[PDB]
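Read in order, the letters of the first sequence are residues 735 to 816 in PDB author numbering.
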Amino acid sequence: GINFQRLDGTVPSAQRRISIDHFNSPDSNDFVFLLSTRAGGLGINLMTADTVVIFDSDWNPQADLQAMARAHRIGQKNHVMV
DNA sequence: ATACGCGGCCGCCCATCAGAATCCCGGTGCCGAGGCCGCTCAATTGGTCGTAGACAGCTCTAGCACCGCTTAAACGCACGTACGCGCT
């Protein structure tokens with residue numbers, strides 16, 4: 735019973751834009767948002783996200799720093815736990 | 001002149017001696033392992049040298065994997081035409 739939405743390199747822009755525009759709402763019930771490596775750190779940003787859980791290093795240095803950079807940003811106020 | 005006798009002929013069952021035919025034992029020709037063998041020239045034996053190629057080190061291509069944006073190609077189904085194939 736966890737409401738979420740995926741984000742990888744398969745869905746077009748018309749769908750991932752609706753997903754990201756739906757996640758940025760302050761009353762969104764999607765507390766889990768899945769991403770990827772290149773698609774996760776592809777671009778844009780998440781302001782309401784703060785917790786970044788990584789399963790394993792994606793065989794690239796600083797790829798984790800740039801991956802958390804999509805959530806850990808300036809607009810975040812309640813700190814960032816990784 | 002008138003009546004009796006018979007004579008070989010013959011069907012009959014009944015007897016003797018040779019020939020035909022099946023079984024009990026056979027020789028003959030064909031095929032395929034054997035043996036013999038012997039002059040001998042190709043393999044084996046004992047031996048040296050050297051070189052291919054195994055092997056370990058190394059680096060440095062390219063085969064794999066993996067991902068996602070883009071889209072041509074595959075898919076499945078609907079409809080009918082023009083062939084497969086059956087008959088004569």
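Idealized CB from N, CA, C, for every residue including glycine.
| query | Span of the alpha helix (DSSP H) holding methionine 802? | reply | Note, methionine 802: alpha helix (DSSP H), 797-802.
| query | Would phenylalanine 767 pass as a contact of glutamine 739 if the rule is Cβ separation under 8 Å? | reply | yes
| request: Check each candidate in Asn763, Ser762, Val787 and name the one with the smallest Cα separation from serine 770. | output: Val787
| request: To the nearest angstrom, report how far apart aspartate 798 and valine 745 are at their CA atoms. | output: 23 Å
| Closest by CA to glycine 775, which one among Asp784, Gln796, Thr785, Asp755? | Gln796
| message | Using CA atoms only, rank isn't needed, just tell me which of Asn779, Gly735, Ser759 is closest to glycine 809. | response | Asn779
| Fully enclosed by the region 751-799, which alpha helix (DSSP H) runs are 4 residues long or longer? | none
| query | Is DSSP giving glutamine 739 helix, strand or coil here? | reply | strand
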